[PDB]
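Protein chains in written order, with full-length UniProt numbering: chain A, 20 to 131; chain B, 77 to 142; chain C, 83 to 150; chain D, 2 to 56; chain E, 18 to 117; chain F, 1 to 96; chain G, 12 to 130.
Backbone N, C-alpha and C define an ideal beta-carbon position, used for all residues, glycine too.
One structure is given here, and the rest of the page talks about it.
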Amino acid sequence: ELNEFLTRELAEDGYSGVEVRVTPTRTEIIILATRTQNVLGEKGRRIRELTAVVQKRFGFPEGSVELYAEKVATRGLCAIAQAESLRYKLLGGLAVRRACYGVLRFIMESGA
Amino acid sequence: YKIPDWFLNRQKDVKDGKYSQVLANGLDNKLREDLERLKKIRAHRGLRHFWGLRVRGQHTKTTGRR
Amino acid sequence: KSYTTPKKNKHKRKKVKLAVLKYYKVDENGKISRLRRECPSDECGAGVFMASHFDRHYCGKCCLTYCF
Amino acid sequence: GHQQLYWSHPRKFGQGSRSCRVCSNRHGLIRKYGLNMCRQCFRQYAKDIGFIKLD
Amino acid sequence: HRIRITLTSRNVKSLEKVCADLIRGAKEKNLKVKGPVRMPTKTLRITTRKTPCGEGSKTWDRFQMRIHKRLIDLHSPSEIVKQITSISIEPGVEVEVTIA
Amino acid sequence: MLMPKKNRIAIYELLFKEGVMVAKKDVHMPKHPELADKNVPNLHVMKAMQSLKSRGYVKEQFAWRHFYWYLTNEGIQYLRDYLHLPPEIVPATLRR
Amino acid sequence: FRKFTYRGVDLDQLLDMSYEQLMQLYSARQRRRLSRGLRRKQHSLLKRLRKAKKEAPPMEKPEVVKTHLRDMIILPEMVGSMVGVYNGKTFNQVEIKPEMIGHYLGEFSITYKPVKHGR
RNA sequence: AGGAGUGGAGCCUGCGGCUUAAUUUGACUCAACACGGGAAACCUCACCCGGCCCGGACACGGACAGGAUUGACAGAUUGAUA
RNA sequence: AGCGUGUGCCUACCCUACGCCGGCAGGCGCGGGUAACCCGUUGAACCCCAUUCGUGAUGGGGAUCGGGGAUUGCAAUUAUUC
């Protein structure tokens, strides 16, 4: 549900999955999105909106959950990062042929 | 002769409030009455009996074919 | 599509202009001629007046009833 | 009163009482191990929960 | 002093190298330990139809989810255990520590 | 949705206390799990929030069965005007 | 010639009897039904029918008092009354002569239409 | 080559037809017919017969605090203490 | 014997030993188990051995149908199930 909620939220911001630690006193959940600047927003604003919202749904103790939003190294080899890249090329109004080659040419360059 | 009430076929009867094992011609005459009661009071159970149908919650769509 | 039996008339509110003017009767001097009984309840004290019904008395807030 | 009526009918048992935590559907409910997730819904989220197909 | 670690995982190799690293910690500080007692695996099993409707030949997914469970019994002081249990744990693993 | 101003203000204050508020999509759940003290029903929450969504004061998100609302800047100004608070203090999302 | 009974009791002896004692006479389902309790729920429409039956007017068969309640036991208290048992279509009039005690109200109004067969 | 059979019989069950206020429906050779995880008393429920509710966001206009509007026990009436 | 399941977020509803009462379904006091810990060494059936029956629609077969009795549930009648 975390992974789904984050997909519906950080779709345009280059979401590539979450990784959760259940470390003692600190449920450390790491968003793994491409554009780090756009997920933390204005001076770590939106990322705090995500901390505030998660514990309210999952009932974690007040300030006993911390969200990090680090970067995917070689983002060409994540499928859901290329599928979300492609869907926003298509919804941009680009011809499907152009967009698909654009992805396919990018990930074969990236080293797939 | 000490055979208990739970062991009889006509337990807590409607006309007399009596426990008694009712035998051949009695059982036929008292079966007749039990259906002819339900026929007389127009109760769903007897109406099913009058029309010659299955009463105890069966599906008649497929089974009970003469 | 077309149904036979006619629809149910909806409730319209019988709005009464200056309903406080009926609740009280202002005196010549600085005092009162309060016609309506005040509800002797805990939920509502001296503020809420009771209803002047034609075969009983009824409170509109806490749903208290007194009969003749 | 309508406030008494509106939700009067009990919802303590039967598939009209419980629903999918994803789908919000009254059918194909997997109750086993406290999933409570629809048989289509769980077939989508089986991987993400940790339900590998092997045998 | 008879303090009981209950390791439980989904993934074997992750729990196998942890229970090994805790039994390292028992030997590095040289206190007696009952070995990694292997509790039986729990294969959770959901066998659902494949089709969202009923409009194909009657196929069935057979999902498993294995839950491996190990336990390590120590004769240790409490603080040495709360030190070792912190060191090098990974997300596949789930660690309890019962005092008595 | 006609609801008490007491409830409505206990909603808008709770949205302004954080910069965020949630609710499960269940009209019939008679007590909001967060705000239980002041007995606010769960549908009052959804309708009071979709009011702000329609005239664009709050950001919408929805996963499975749960609404997630994020307060936006013009919504912040509307709420400190509509609740009459100090313009000094902010919701607990501009705090670092 | 003879007067109607129930088990081994006369109607005024049925009518002069508490529910605590009325239990141990008729059948197991109804005994359970009475033991489960007298209704404090919306099913206090049982008790509301107990109030609407106790508007028996002067000498004739009483007026048709209608119900959706098919899940109601024909008590000896009811007997002689004129009840409208609902089907979906028809509030069927039923005068409840005293052999119908123990039976449900819905047991006397067919919710289905009897089938006949054509080609 | 054979084994158990099924097709016969009784019942459970799905489908057509018939019936019906309604008997909700999708699916019709293999690849529809104990299939929709569909063993439905209520809910489920889509069907049909009754009766409440707004859970009609929001922008614009008349109303309107000299009170827009809300809710409300009897009695009637209702199936209902809607 | 071997797969297994078992007290639930909301979710209300868990598996059950043990002692009395009941012919029985069941009811009652009373503990264990969130489980290789308790049900449970899971004393399962078919099978095995020993009586009765004897080619008879028979002690095969258990449909329909009458009366009664218990449980779950807000409610079982068009019979929930036993």
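Using the beta-carbon count (16 or more within 10 Å), is residue i buried or exposed?
i	result
residue 67(F)	buried
residue 34(A)	buried
residue 75(A)	buried
residue 114(G)	buried
residue 31(G)	exposed
residue 42(F)	buried
residue 112(F)	Coverage of chain F is limited to positions 1 through 96, which leaves residue 112(F) absent and any answer about it impossible.
residue 38(D)	buried
residue 93(E)	buried
residue 120(A)	exposed
residue 41(D)	buried
residue 65(A)	buried
residue 93(F)	buried
residue 28(D)	exposed
residue 106(E)	buried
residue 7(D)	exposed
residue 15(G)	exposed
residue 43(D)	buried
residue 116(E)	exposed
residue 89(A)	exposed
residue 48(A)	buried
I believe residue i touches residue j by the beta-carbon criterion, under 8 Å. Please report the beta-carbon distance rounded to the nearest angstrom.
i	j	result
residue 132(C)	residue 118(C)	6 Å
residue 129(A)	residue 70(A)	So it is not a contact: roughly 32 Å between Cβ atoms.
residue 87(G)	residue 45(G)	At roughly 13 Å, the Cβ-Cβ gap does not stay under 8 Å, so residue 87(G) and residue 45(G) are not in contact.
residue 122(B)	residue 114(B)	3 Å
residue 15(F)	residue 85(F)	About 12 Å separates the two Cβ atoms, so there is no contact after all.
residue 95(G)	residue 78(G)	7 Å
residue 78(A)	residue 131(A)	Going by Cβ atoms, the distance from residue 78(A) to residue 131(A) rounds to 41 Å, so no, they are not a contact pair.
residue 110(E)	residue 102(E)	Their Cβ separation, rounded to whole angstroms, is 11 Å, which puts residue 110(E) and residue 102(E) out of contact at 8 Å.
residue 89(E)	residue 32(E)	Not a contact, Cβ separation roughly 11 Å.
Find the residues of chain F that neighbour residue i, judging by a C-beta separation of less than 8 Å, and give them in chain order.
i	result
residue 22(D)	64 and 65
In chain E, which residues lie less than 7 Å from residue i when you measure between Cβ atoms?
i	result
residue 49(D)	Chain E residues near residue 49(D): none, gap ~12 Å exceeds 7 Å.
residue 55(D)	81
residue 34(D)	61
Quick one: list the residues of chain D neighbouring residue i, beta-carbon separation under 9 Å, in chain order.
i	result
residue 65(E)	29, 31, 40, 41, 43, 44 and 47
residue 19(E)	Those do not exist, as residue 19(E) stays about 33 Å from chain D at its closest Cβ, beyond 9 Å.
So with CB distances below 8 Å, who are the chain G contacts of residue i?
i	result
residue 116(B)	110
residue 119(B)	111, 114, 118 and 119
Residues of chain F with a CB under 9 Å from the CB of residue i: which are they?
i	result
residue 25(D)	25, 64 and 65
List the residues of chain A whose Cβ lies closer than 7 Å to the Cβ of residue i, in chain order.
i	result
residue 72(F)	Under the 7 Å cutoff, chain A gives no residues; its nearest Cβ is about 10 Å from residue 72(F).
residue 77(F)	Those do not exist, as residue 77(F) stays about 16 Å from chain A at its closest Cβ, beyond 7 Å.
Residues of chain B with CB closer than 8 Å to the CB of residue i, please, in chain order.
i	result
residue 99(G)	Those do not exist, as residue 99(G) stays about 15 Å from chain B at its closest Cβ, beyond 8 Å.
residue 91(G)	Simply none; closest approach about 14 Å.
Closer than 9 Å by beta-carbon distance: list the chain B residues that pair up with residue i, in chain order.
i	result
residue 20(G)	93
residue 16(G)	90, 91, 92 and 93
Residues of chain G with a CB under 7 Å from the CB of residue i: which are they?
i	result
residue 113(B)	110
For residue i, go through chain A and note every residue whose CB falls closer than 9 Å to its CB, in chain order.
i	result
residue 57(F)	Those do not exist, as residue 57(F) stays about 15 Å from chain A at its closest Cβ, beyond 9 Å.
residue 83(F)	Correct list: empty, because the minimum Cβ distance to chain A is about 19 Å.
residue 61(F)	24, 27, 28 and 72
Mind listing the chain D neighbours of residue i? Cutoff is C-beta to C-beta under 8 Å, in chain order.
i	result
residue 78(E)	44, 47 and 54
Problem set entry | Interface residues of the segment 109-122 of chain G facing chain B [CB-CB below 7 Å] | 110, 111, 114, 118, 119 and 121
Problem set entry | Contact set between the UniProt domain "KH type-2" (21-92) of chain A and chain D, restricted to residues whose Cβ is under 9 Å from the partner | 22 and 23
Exercise. Using Cβ-Cβ distances below 7 Å, what residues of the segment 32-60 of chain G are close to chain B?
Worked result: none
For this session: Pull out every residue of the segment 18-44 of chain F whose Cβ sits closer than 7 Å to any Cβ of chain D, in chain order.
Result: 28
For this session: Quick one: which residues of the segment 41-68 of chain E get their C-beta closer than 7 Å to a C-beta of chain D? List them in chain order.
Result: 61, 63, 65 and 66
Problem set entry | Completely contained alpha helix (DSSP H) runs for the segment 18-100 of chain G, where each covers 4 or more residues | 22-26, 30-33, 39-46 and 56-64
Problem set entry | Entirely enclosed alpha helix (DSSP H) segments - the segment 39-93 of chain F, minimum 4 residues | 42-54 and 73-82
For this session: Kindly provide the ranges of any alpha helix (DSSP H) runs that are 4 or more residues long and lie completely inside the segment 49-126 of chain A, ordered along the chain.
Result: 55-59, 64-77 and 98-109
For this session: Just list the beta strand (DSSP E) runs in the segment 18-54 of chain E, keeping only unbroken ones of 3 residues or longer that don't cross its boundaries, in chain order.
Result: 19-26
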